[PDB]
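This report concerns only the one structure given below.
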Amino acid sequence: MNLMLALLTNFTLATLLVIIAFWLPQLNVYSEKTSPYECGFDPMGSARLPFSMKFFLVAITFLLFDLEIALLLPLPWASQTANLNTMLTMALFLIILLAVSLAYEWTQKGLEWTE
Amino acid sequence: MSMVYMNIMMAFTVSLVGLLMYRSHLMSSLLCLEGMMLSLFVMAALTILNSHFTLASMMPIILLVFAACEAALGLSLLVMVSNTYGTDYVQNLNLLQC
Amino acid sequence: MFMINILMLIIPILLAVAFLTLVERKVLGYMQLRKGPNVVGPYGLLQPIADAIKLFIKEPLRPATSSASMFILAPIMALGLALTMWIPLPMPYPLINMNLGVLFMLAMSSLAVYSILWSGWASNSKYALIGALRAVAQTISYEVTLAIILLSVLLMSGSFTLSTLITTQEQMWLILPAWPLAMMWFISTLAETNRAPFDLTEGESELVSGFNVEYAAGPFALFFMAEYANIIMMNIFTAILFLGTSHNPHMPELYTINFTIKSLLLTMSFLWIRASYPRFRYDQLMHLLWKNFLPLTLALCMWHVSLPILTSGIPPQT
Amino acid sequence: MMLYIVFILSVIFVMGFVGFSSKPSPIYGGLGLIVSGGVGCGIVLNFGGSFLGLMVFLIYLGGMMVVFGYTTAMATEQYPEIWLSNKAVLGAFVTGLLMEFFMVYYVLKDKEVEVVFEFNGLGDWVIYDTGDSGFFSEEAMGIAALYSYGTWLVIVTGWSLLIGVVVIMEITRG
Amino acid sequence: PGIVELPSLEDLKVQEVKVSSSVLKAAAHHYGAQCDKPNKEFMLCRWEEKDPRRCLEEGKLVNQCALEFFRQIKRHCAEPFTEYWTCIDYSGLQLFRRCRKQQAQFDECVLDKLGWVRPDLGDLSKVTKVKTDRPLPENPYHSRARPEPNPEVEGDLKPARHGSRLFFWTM
Amino acid sequence: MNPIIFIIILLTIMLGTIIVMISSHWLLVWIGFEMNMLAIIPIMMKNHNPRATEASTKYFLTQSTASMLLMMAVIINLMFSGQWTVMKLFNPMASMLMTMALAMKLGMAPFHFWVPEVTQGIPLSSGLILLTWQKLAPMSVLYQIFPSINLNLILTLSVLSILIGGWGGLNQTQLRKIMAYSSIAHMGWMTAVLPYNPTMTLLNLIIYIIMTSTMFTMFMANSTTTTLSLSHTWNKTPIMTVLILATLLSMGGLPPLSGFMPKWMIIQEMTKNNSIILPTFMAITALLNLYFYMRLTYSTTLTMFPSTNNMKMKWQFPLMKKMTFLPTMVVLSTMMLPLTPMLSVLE
Amino acid sequence: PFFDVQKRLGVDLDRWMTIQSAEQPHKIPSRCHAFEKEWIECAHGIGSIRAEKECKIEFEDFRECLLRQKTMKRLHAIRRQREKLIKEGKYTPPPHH
Amino acid sequence: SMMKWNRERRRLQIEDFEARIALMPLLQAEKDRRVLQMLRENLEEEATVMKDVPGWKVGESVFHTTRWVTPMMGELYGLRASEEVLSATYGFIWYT
Amino acid sequence: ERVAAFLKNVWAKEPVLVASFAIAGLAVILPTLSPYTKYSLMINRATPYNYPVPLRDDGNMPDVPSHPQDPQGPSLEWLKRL
Ligand SMILES: CCCCCCCCCCCCCCCCCC(=O)OC[C@H](COP(=O)(O)OCCN)OC(=O)CCCCCCCCCCCCCCCCC
Ligand SMILES: CCCCCCCCCCCCCCCCCC(=O)OC[C@H](COP(=O)(O)OCCN)OC(=O)CCCCCCCCCCCCCCCCC
Ligand SMILES: CCCCCCCCCCCCO[C@@H]1O[C@H](CO)[C@@H](O[C@H]2O[C@H](CO)[C@@H](O)[C@H](O)[C@H]2O)[C@H](O)[C@H]1O
Ligand SMILES: CCCCCCCCCCCCO[C@@H]1O[C@H](CO)[C@@H](O[C@H]2O[C@H](CO)[C@@H](O)[C@H](O)[C@H]2O)[C@H](O)[C@H]1O
Ligand SMILES: CCCCCCCCCCCCO[C@@H]1O[C@H](CO)[C@@H](O[C@H]2O[C@H](CO)[C@@H](O)[C@H](O)[C@H]2O)[C@H](O)[C@H]1O
Ligand SMILES: CCCCCCCCCCCCO[C@@H]1O[C@H](CO)[C@@H](O[C@H]2O[C@H](CO)[C@@H](O)[C@H](O)[C@H]2O)[C@H](O)[C@H]1O
């Protein structure tokens, strides 16, 4: 309960601030005021046009690397095992294969952005 | 069964239908694949946690790992599809009818 | 009595955030051979109040091309999540005592990124979009290294509980056995908080205002309050992790004073760093983390798994 | 009302699934998957799996961040579709909610429901264990055993993740 | 499928040991030594019998020994003990290490007045043997009779009669 | 692709298949399929052209969908039995989902649509792996779960696969699409007999793999992928046209060739169980396969098609392709009928 | 397994996690440990065809432990009969309940 | 420094764990009586509510085996105020 | 000689990677040389998460103690001295 009460209070406080922000000030809305900003001149083309991602390969690698830490975060608990010979070997094994995969992507120029 | 299973099984079915009923964007279907795995994770976690199957508690974690390998694989193909045609539309992938 | 405790957490947070804006402008000013706000109230003490009132009576704008619901949602998420980050903090007693407080903080930090992505995307303007996609790159740069840095430290604490870090550091600050990780952690928090020299998602001199360029008045203030709240919260986290304050159960306020001083100085260091350095290029930030911190962080993670086992100093699970 | 916490979260779980399954713009589909991942973490946490719940939320937040980036690059159009903008998307969205709302309405009315298969609606707490007093988390013991019992699992997962990097490099080298 | 046999509310009656966990924790180490015998006879019973209904009598002797143990403390060392568990109760985690001074006062009191020696580190986690006059249960799981195994095939392996015998093949 | 990377990826394709065949745990069976799917995709994309990209995408979407249905069955099985052992399933809904999941992995009808397209879109060497090695893992699972499979479901899939495979190949001029529809037709025989005698499913599987490997190796030897391109073989290497003729007649099931052996042993097992109508229907429908095998033999060996002038340049160069095991495989594809009683080795 | 290399080599790859009554960390038992043990020992060695009928009692109890469908039916019936008497004014719960 | 401190922290954990081991017999004995008492009360009030039901037999098992089976939450707290049910089911998880 | 020539070059060009490999090597190597590693497993074994279920004294278990303070059974004197 304490947790749900705390989250509700925070996000309700934020919502009230927005409600006041919109209903308290005097408004004067017209077309030019609400037009998209681009340093004084009208934009050329929609902002919804495709925006090329030059780090796309690092982004996919992040998915694989971000799952590795899910496998590693239990390590503080795994260190309480009596079978420490196996646990230490498999912990080091997993991290090394992460390093090998990093070294492969590095040496193969996967970490350089497409130009 | 317990009522929670009604909504988790329902969520899996919704995503399965979402996967099988394509629209245009290939990214939208890849999302339905990720949703299907999320329902399987939750459905498996409930069973394992409720039955106190201690060693099975690692199984949902292993499920996520191969979920990411699938998502990464799906995104890799999306990049190539996008490079070829300039969209991720699935109607462009019709060369192999002939 | 719990509701009172909640208010005695978030009202002070927002007041501390408001006066951190004054402190930054004065600290930057004197480092720049000038004074900073000293006219609005004595020594500029009313300046944050003036700015806050100004913004919330300013006209808020909904851009013609914006996605209305997401435009409103993002600032609400930003501030809401920023305040949520504070509830497990042990000062010395957390508002919410969590078994996995560190993991909770990681998850909530990841969710707060979406307030940048959605505000920028919902603005439907090019500078806003460019800012949001810089946040995608920034998150990809630091997130993996940030989690593994914490893991290496927690292999000495033995748990994911924030209060255990106090017990761990009762004899000695963790900064001693893990200053290489402290170095890399400290930089990661600058990137995590979008702070100079990693102020890229806003990047004023490049993107005008980046992800929040279309935001005005109260909605803009919510983003400002969020970022400055996260800057303070991340330095409290740094103080707990690496500069553990001793806790006397019968004089809990001595802990609070000592811990508050440490957190303030770490926050002053953020302003100091902003005054000193040029900005990174956002591809150079990604190469910093992946090509320097990550190889070192992986190696140190291996070391901090082995070291407790080889020295027979594994911490208690409880 | 609080005794039905898992049920309420599971209702929102399905609503998030209907969200992205109707397939609006992937920007909003990602939003629906984040909500479902968030409440899904809440469901698993309420069964005693705090680590599993927080982990799935953390992973899916990272995954949807990448999907967002790829969307603005490769899955965007001039007028991205919300649920109301498209007739096919709206029909699927409404159909999902109505199927969901009727399952909820009838399972609550009868404390039971037949939706193909029989589900009991007494509340989810009834199946819980009654006697816990250990000095550890059973989920944490089970997960940590991956490094002592799961040697074979560690090898195949670690190998698959390494091969995964090798493969995505091959797949995307035109 | 049968009626679950439950003891009557009368049979479940015993004088409870109504003290808080801080009191129990403060006296735990001495209680572990002084009440070892009935305690270990109850725990053998529960693990062998696998039925709370089958160990009620042993459960009561655990309670009776506890009350007798706490009455000795009350008679002889009330004030030193009340100081000790009061210190334990303050801690949110009920930590021993915050009350070594009060623990020493309590420990020396019970030692002088009752000859009670505190168990060493590792003593109370030892697996001990206990002598009991209760008979070892025969079918604690209430197992049915196991199905008989398939009749074993034994003998001398001889060549197949006329080979494979597949259609026309002669070998 | 670096040669070392190609070998590591190939060994991972095999490791995933091996894991499925040696696992006693449903989770490791699922991991084996996932590892196999991850490794094969780069083999499909090896040449990097739009058709390879389309093929790999269609393959990924199909296999990934099947795995989710596969894991759904495993979790439902866990709810209703509380174990993970690879064996009969303890819930009929789980059995259906797993059975469909394996049908999509094999490309059985009516889940067959991907097989012709994917096979056409990838090279011949990759097509060989897809239509041979990739059948092992799903069949090894069916071999262990068949006591709980719904008979009507599995025989329906087998019937539809034989019909759709036979009809589908009649309209094809592309060799890779001819092999694809042939594979669908042969998958049906393997599953049709599975409820009655799993040993005959292995026999058909092994003989199908030998014959299918032989054909692909001969197509690779001459770099032929269409009917007309293959019709020039009589002018380059006459011997290869005779091997193709013998192998194709074998795949048609004609005595006294080896390919008759599985059709013969499957009909025996089905009749022992009083199944008369189904084997009769299956044997007659397999005549469709013989028809479009016979067309290839006509255009390849039993007539001489027009040639081109530039073909004379090829007369002056030898075959350089590895053609690994082709002499052994072709003999096994054709001359094995006298040794039929050796099928007991698979028992 | 299709190929039993684990048995041939006497190496345990995955069967440690196949059943919930196998050895767990710190000897934490599953909730249905006794039921599954009884079923496994009843059906050991006789084959599924025999075990499907000769160990039906053990499997049914094990199934009841796992999913508790019969218990939830029983409790749903009692709770229904209580609301029947509450509205009809024919039963007052006790203080302790 | 961390090695020495973590060694002492491990010796403290053992002392804390052993105090629990000393008290577990008494706690176990209390839990058994309490569980049996709650089940007995549930049985008394089952008879009254379900006296009129045609085919009902009070206290019938769902299990063929006569072995003791640990009750699940609904079995033990099935007929009690939500405040007590909510505390017994979600009290631990929801405690800060 | 090449041992130092290569090492000096990487120290000048990529000291970060030199430090990474040196630290990783020590993690793999030192655990097998340390004399204190054996106590890590003993301490984990001596931690009693579970109840120590007593054994039915059957009349011939001399190595087992009757009371927790009896001389038999494992001791932690080594742990107090660590
Ligand atoms: C054993 C018990 C089990 C029974 C099963 C049946 C066993 C038979 C299995 C056969 C296995 C395939 C191997 C057949 C070997 C054929 C040898 C041959 O055809 O001669 C080679 C010759 C190739 O030409 P070349 O190498 O260049 O020599 C100089 C001529 N240019 O060839 C040519 O030049 C011919 C080119 C013209 C094409 C004529 C095609 C009609 C003749 C086909 C006869 C073979 C039919 C095999 C089918 C099965 C028969 C039962
Ligand atoms: C294949 C030759 C026929 C060619 C025409 C094709 C006919 C149709 C083929 C379909 C299969 C029908 C085969 C019918 C015979 C199989 C049944 C059979 O023969 O009995 C089993 C046979 C042992 O024969 P058995 O009666 O015991 O006589 C022993 C004589 N020493 O054991 C066997 O099964 C193996 C016998 C197979 C028959 C061929 C092998 C005979 C040995 C000669 C091999 C060649 C040796 C010379 C090598 C020359 C090298 C250049
Ligand atoms: C790409 C693949 C990379 C694979 C890399 C694998 C690296 C593995 C390096 C070995 C890691 C473990 O190294 C090994 O750890 C165990 C315990 O932890 C040590 O064992 C030592 O402590 C344990 C208890 O802690 C005692 O049982 C043992 O008697 C004692 O020798 C070994 O002395 C050490 O050799
Ligand atoms: C066990 C974990 C700790 C061990 C370290 C694991 C990570 C190893 C990282 C890769 C090591 C070898 O792989 C890497 O190859 C590339 C070649 O393009 C080199 O990179 C080269 O170009 C890049 C960009 O200009 C720069 O890093 C550098 O100027 C240069 O060395 C790296 O110097 C080398 O580190
Ligand atoms: C591609 C499809 C996507 C949707 C997937 C949905 C999966 C949902 C899985 C639910 C599984 C329910 O499984 C079903 O449960 C009921 C329980 O009453 C069983 O019910 C049957 O068996 C049990 C005992 O064996 C008894 O109730 C009774 O004999 C009979 O009703 C069914 O034999 C079983 O098939
Ligand atoms: C963005 C949209 C989100 C939609 C979310 C939809 C949530 C689903 C609604 C679930 C509502 C559950 O509703 C819950 O039902 C049970 C029925 O026994 C009620 O519980 C009831 O039990 C006893 C019965 O003896 C009554 O005396 C009591 O008055 C009543 O509380 C709860 O008071 C109610 O809260």
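By order in the structure tokens, chains are A, B, ...; within a chain, residues start at 1; ligands start at 1, following the order shown.
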7 Å contact set for range 11-24 of chain I, only C-alpha atoms, chain neighbours under 3 positions out, as a list in words: residues 292, 295, 296, 299, 300, 302 and 303 of chain C; 7, 8, 27 and 28 of chain I
Show me a table, sorted first by chain and then by increasing residue number, of the residues of chain B having an atom at most 8 Å from chain F, each with its shortest atom pair and the distance in Å to one decimal, counting only C-alpha atoms and written as a Markdown table.
| residue | atom | partner | partner_atom | distance |
| --- | --- | --- | --- | --- |
| B:33 | CA | F:65 | CA | 7.5 |
| B:36 | CA | F:68 | CA | 7.1 |
| B:37 | CA | F:68 | CA | 7.1 |
| B:40 | CA | F:72 | CA | 6.8 |
| B:43 | CA | F:75 | CA | 7.7 |
| B:44 | CA | F:75 | CA | 6.1 |
| B:47 | CA | F:79 | CA | 6.5 |
| B:59 | CA | F:27 | CA | 7.7 |
| B:66 | CA | F:34 | CA | 7.1 |
| B:69 | CA | F:38 | CA | 7.7 |
| B:70 | CA | F:64 | CA | 7.5 |
| B:73 | CA | F:38 | CA | 7.3 |
| B:74 | CA | F:60 | CA | 7.4 |
| B:77 | CA | F:57 | CA | 6.3 |
| B:80 | CA | F:53 | CA | 6.8 |
| B:81 | CA | F:53 | CA | 6.7 |
| B:84 | CA | F:50 | CA | 6.7 |
| B:93 | CA | F:54 | CA | 5.4 |
| B:94 | CA | F:54 | CA | 7.7 |
| B:95 | CA | F:51 | CA | 6.7 |
| B:96 | CA | F:117 | CA | 5.3 |
| B:97 | CA | F:117 | CA | 6.7 |
Proximal residues of chain B relative to chain A (only C-alpha atoms; 10 Å) as a PyMOL selection string: chain B and resi 58+61-62+64-76+79+86-87
Generate the output file for the selected residues, N, CA and C atoms, as a JSON list (two decimals), in the first residue's frame.
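The file below, result-v2.json, is the result:
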[["chain", "number", "residue", "atom", "x", "y", "z"],
["B", 58, "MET", "N", 14.84, -19.77, -12.42],
["B", 58, "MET", "CA", 15.73, -19.26, -13.45],
["B", 58, "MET", "C", 15.14, -19.38, -14.85],
["B", 61, "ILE", "N", 14.02, -16.19, -16.63],
["B", 61, "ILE", "CA", 15.16, -15.37, -17.02],
["B", 61, "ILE", "C", 15.74, -15.87, -18.34],
["B", 62, "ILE", "N", 15.91, -17.19, -18.46],
["B", 62, "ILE", "CA", 16.42, -17.76, -19.69],
["B", 62, "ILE", "C", 15.48, -17.45, -20.84],
["B", 64, "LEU", "N", 13.77, -14.69, -21.31],
["B", 64, "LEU", "CA", 14.03, -13.33, -21.77],
["B", 64, "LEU", "C", 15.28, -13.27, -22.64],
["B", 65, "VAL", "N", 16.30, -14.06, -22.30],
["B", 65, "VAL", "CA", 17.56, -13.98, -23.03],
["B", 65, "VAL", "C", 17.35, -14.34, -24.49],
["B", 66, "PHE", "N", 16.63, -15.42, -24.76],
["B", 66, "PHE", "CA", 16.37, -15.81, -26.13],
["B", 66, "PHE", "C", 15.27, -14.97, -26.77],
["B", 67, "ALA", "N", 14.50, -14.25, -25.96],
["B", 67, "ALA", "CA", 13.60, -13.25, -26.51],
["B", 67, "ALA", "C", 14.37, -12.10, -27.13],
["B", 68, "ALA", "N", 15.44, -11.66, -26.48],
["B", 68, "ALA", "CA", 16.24, -10.57, -27.01],
["B", 68, "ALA", "C", 17.00, -11.00, -28.26],
["B", 69, "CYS", "N", 17.49, -12.23, -28.28],
["B", 69, "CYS", "CA", 18.14, -12.74, -29.48],
["B", 69, "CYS", "C", 17.17, -12.78, -30.65],
["B", 70, "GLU", "N", 15.89, -13.06, -30.39],
["B", 70, "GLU", "CA", 14.90, -13.02, -31.45],
["B", 70, "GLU", "C", 14.60, -11.60, -31.88],
["B", 71, "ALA", "N", 14.42, -10.70, -30.91],
["B", 71, "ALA", "CA", 14.14, -9.31, -31.24],
["B", 71, "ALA", "C", 15.29, -8.68, -32.00],
["B", 72, "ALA", "N", 16.53, -8.95, -31.57],
["B", 72, "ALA", "CA", 17.69, -8.45, -32.28],
["B", 72, "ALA", "C", 17.76, -9.02, -33.69],
["B", 73, "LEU", "N", 17.44, -10.30, -33.83],
["B", 73, "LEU", "CA", 17.39, -10.91, -35.16],
["B", 73, "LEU", "C", 16.28, -10.29, -36.00],
["B", 74, "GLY", "N", 15.12, -10.05, -35.40],
["B", 74, "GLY", "CA", 14.04, -9.43, -36.15],
["B", 74, "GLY", "C", 14.39, -8.03, -36.62],
["B", 75, "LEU", "N", 15.02, -7.24, -35.75],
["B", 75, "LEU", "CA", 15.40, -5.89, -36.12],
["B", 75, "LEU", "C", 16.47, -5.89, -37.20],
["B", 76, "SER", "N", 17.40, -6.85, -37.15],
["B", 76, "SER", "CA", 18.43, -6.91, -38.18],
["B", 76, "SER", "C", 17.82, -7.09, -39.56],
["B", 79, "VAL", "N", 16.19, -3.92, -40.81],
["B", 79, "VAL", "CA", 17.13, -2.96, -41.37],
["B", 79, "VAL", "C", 17.37, -3.25, -42.85],
["B", 86, "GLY", "N", 13.15, 1.18, -48.67],
["B", 86, "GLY", "CA", 12.88, 2.47, -48.07],
["B", 86, "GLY", "C", 11.65, 2.50, -47.20],
["B", 87, "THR", "N", 11.03, 1.35, -46.94],
["B", 87, "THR", "CA", 9.98, 1.22, -45.94],
["B", 87, "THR", "C", 10.09, -0.18, -45.36]]
Exercise answer, 7 Å around ligand 1 with only C-alpha atoms and all ligand atoms, as an NGL selection string: :F and (234 or 237-239 or 241-243 or 245-246 or 256-257 or 301-302 or 330-331 or 334-338)
Distance cut-off 6 Å, counting only C-alpha atoms - which residues of chain I neighbour chain A? Return them as a PDB file with N, CA, C and O atoms, in the first residue's frame.
ATOM      1  N   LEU I  41      34.478 -21.337   0.771  1.00  0.00           N
ATOM      2  CA  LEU I  41      33.498 -22.408   0.688  1.00  0.00           C
ATOM      3  C   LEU I  41      33.132 -22.935   2.067  1.00  0.00           C
ATOM      4  O   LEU I  41      31.988 -23.332   2.299  1.00  0.00           O
ATOM      5  N   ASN I  44      30.615 -20.489   3.560  1.00  0.00           N
ATOM      6  CA  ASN I  44      29.302 -20.685   2.960  1.00  0.00           C
ATOM      7  C   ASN I  44      28.639 -21.944   3.501  1.00  0.00           C
ATOM      8  O   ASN I  44      27.418 -21.987   3.668  1.00  0.00           O
ATOM      9  N   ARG I  45      29.427 -22.985   3.770  1.00  0.00           N
ATOM     10  CA  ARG I  45      28.861 -24.215   4.315  1.00  0.00           C
ATOM     11  C   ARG I  45      28.424 -24.035   5.762  1.00  0.00           C
ATOM     12  O   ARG I  45      27.419 -24.613   6.186  1.00  0.00           O
TER      13      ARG I  45
END
Could the residues that lie within 7 Å of ligand 5, counting only C-alpha atoms and all ligand atoms, be listed as a JSON list (two decimals) with C-alpha atoms, in the first residue's frame?
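After the write, result_28.json holds the following:
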[["chain", "number", "residue", "atom", "x", "y", "z"],
["B", 9, "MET", "CA", -3.95, -16.65, -21.49],
["B", 13, "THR", "CA", -4.13, -15.04, -27.52],
["B", 16, "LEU", "CA", -1.05, -14.22, -31.29],
["D", 117, "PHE", "CA", -12.20, -23.27, -20.40],
["D", 118, "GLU", "CA", -13.39, -22.85, -16.82],
["F", 69, "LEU", "CA", 3.33, -21.84, -29.88],
["F", 76, "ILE", "CA", 0.50, -25.38, -20.40],
["F", 91, "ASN", "CA", -2.94, -31.76, -21.77],
["F", 92, "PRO", "CA", -4.75, -32.12, -25.12],
["F", 93, "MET", "CA", -4.60, -28.37, -25.74],
["F", 97, "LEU", "CA", -0.33, -26.41, -29.98]]
DSSP helix (DSSP H, G or I) residues within chain B, listed as a count of residues only: 82
Nearby residues, ligand 2, 12 Å, only C-alpha atoms and all ligand atoms, as a PyMOL selection string: (chain E and resi 162-171) or (chain F and resi 254-261+264+334-342)
Distance filter 7 Å, only C-alpha atoms, chain C against chain A, as a PyMOL selection string: chain C and resi 6+56-65+76+79-80+83-84+96+124-126+140+144+148+151+154-155+158-159+218-219+298+302+317
Which of range 17-158 of chain D fall in strand (DSSP E), as a list in words: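 Filtering range 17-158 of chain D down to strand (DSSP E) leaves residues 112, 113, 114, 115, 117, 118, 119 and 120 of chain D.
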Okay, now the selection with C-alpha atoms, as a PDB file, in the first residue's frame?
ATOM      1  CA  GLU D 112     -16.605 -18.055 -12.042  1.00  0.00           C
ATOM      2  CA  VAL D 113     -16.624 -17.941 -15.825  1.00  0.00           C
ATOM      3  CA  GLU D 114     -16.506 -20.291 -18.795  1.00  0.00           C
ATOM      4  CA  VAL D 115     -14.500 -18.715 -21.618  1.00  0.00           C
ATOM      5  CA  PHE D 117     -12.196 -23.268 -20.399  1.00  0.00           C
ATOM      6  CA  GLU D 118     -13.387 -22.850 -16.822  1.00  0.00           C
ATOM      7  CA  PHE D 119     -11.809 -20.187 -14.626  1.00  0.00           C
ATOM      8  CA  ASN D 120     -12.612 -19.630 -10.961  1.00  0.00           C
TER       9      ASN D 120
END
Proximal residues of chain I relative to chain G (only C-alpha atoms; 12 Å) as a ChimeraX atom specification: /I:44-45,47-53
Restrict the selected residues to C-alpha atoms and save them as a tab-separated table (two decimals), in the first residue's frame.
chain	number	residue	atom	x	y	z
I	44	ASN	CA	29.30	-20.68	2.96
I	45	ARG	CA	28.86	-24.22	4.32
I	47	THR	CA	25.99	-20.65	7.35
I	48	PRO	CA	22.83	-22.36	8.64
I	49	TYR	CA	19.89	-21.22	6.51
I	50	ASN	CA	18.00	-24.41	7.39
I	51	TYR	CA	17.03	-26.18	10.56
I	52	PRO	CA	19.44	-28.99	11.54
I	53	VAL	CA	16.95	-31.85	11.74
Selection near range 31-37 of chain E, 9 Å with only C-alpha atoms, sequence-local residues under 4 positions removed, as a VMD selection string: (chain E and resid 24 27 41 to 42 62 65 to 66 69 to 70 116 to 119 124 130) or (chain H and resid 18 to 19 21 to 23) or (chain I and resid 66 to 69)
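Within 9 Å of chain B, chain G contributes the residues residues 16, 17, 18, 19, 20, 21, 23, 24, 25, 28, 29, 30, 31, 32, 66, 67, 68, 69 and 72 of chain G, using only C-alpha atoms.
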Contacts of residue 134 in chain E within 10 Å, only C-alpha atoms, excl. fewer than 2 positions in-chain, as a count of residues only: 6
Best match for closeness to chain E among H:56, H:94, H:5, H:68, counting only C-alpha atoms: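 Looking only at the distances to chain E, the closest residue turns out to be H:68.
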Contacts of ligand 6, 9 Å or closer, only C-alpha atoms and all ligand atoms, given as a PDB file with C-alpha atoms, in the first residue's frame:
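Writing the result to result-v4.pdb gives the following:
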ATOM      1  CA  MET D   1     -11.043  -4.484  -3.453  1.00  0.00           C
ATOM      2  CA  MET D   2      -7.338  -4.799  -2.688  1.00  0.00           C
ATOM      3  CA  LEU D   3      -7.685  -8.570  -2.492  1.00  0.00           C
ATOM      4  CA  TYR D   4      -8.321  -8.399  -6.256  1.00  0.00           C
ATOM      5  CA  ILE D   5      -5.052  -6.583  -6.965  1.00  0.00           C
ATOM      6  CA  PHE D   7      -6.875  -9.357 -11.219  1.00  0.00           C
ATOM      7  CA  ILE D   8      -6.961  -5.584 -11.694  1.00  0.00           C
ATOM      8  CA  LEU D   9      -3.366  -5.473 -12.906  1.00  0.00           C
ATOM      9  CA  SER D  10      -4.064  -8.389 -15.237  1.00  0.00           C
ATOM     10  CA  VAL D  11      -6.991  -6.478 -16.737  1.00  0.00           C
ATOM     11  CA  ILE D  12      -4.624  -3.613 -17.532  1.00  0.00           C
ATOM     12  CA  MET D  15      -5.627  -3.652 -22.272  1.00  0.00           C
ATOM     13  CA  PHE D 101     -14.969  -6.196 -20.558  1.00  0.00           C
ATOM     14  CA  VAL D 104     -14.496  -9.344 -16.486  1.00  0.00           C
ATOM     15  CA  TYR D 105     -18.180  -8.563 -16.038  1.00  0.00           C
ATOM     16  CA  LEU D 108     -17.060 -11.055 -11.248  1.00  0.00           C
ATOM     17  CA  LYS D 109     -20.819 -11.639 -11.314  1.00  0.00           C
ATOM     18  CA  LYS D 111     -17.293 -15.713  -9.099  1.00  0.00           C
ATOM     19  CA  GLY D 121     -13.268 -16.058  -9.889  1.00  0.00           C
ATOM     20  CA  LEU D 122     -12.965 -16.264  -6.107  1.00  0.00           C
ATOM     21  CA  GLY D 123      -9.950 -14.001  -6.161  1.00  0.00           C
TER      22      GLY D 123
ATOM     23  CA  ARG G  79     -19.182 -19.043  -0.104  1.00  0.00           C
ATOM     24  CA  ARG G  82     -23.250 -18.239   2.879  1.00  0.00           C
ATOM     25  CA  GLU G  83     -24.454 -15.331   0.759  1.00  0.00           C
TER      26      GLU G  83
ATOM     27  CA  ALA H  81     -12.680 -10.626   7.218  1.00  0.00           C
ATOM     28  CA  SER H  82     -10.794  -9.223   4.244  1.00  0.00           C
TER      29      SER H  82
END
Point-to-point distance from CA of residue 85 in chain D to CA of residue 113 in chain C, Å rounded to tenths: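 Taking CA of residue 85 in chain D and CA of residue 113 in chain C, their separation equals 26.8 Å.
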Atomic separation - CA of residue 20 in chain D relative to CA of residue 36 in chain F, Å: 28.8 Å
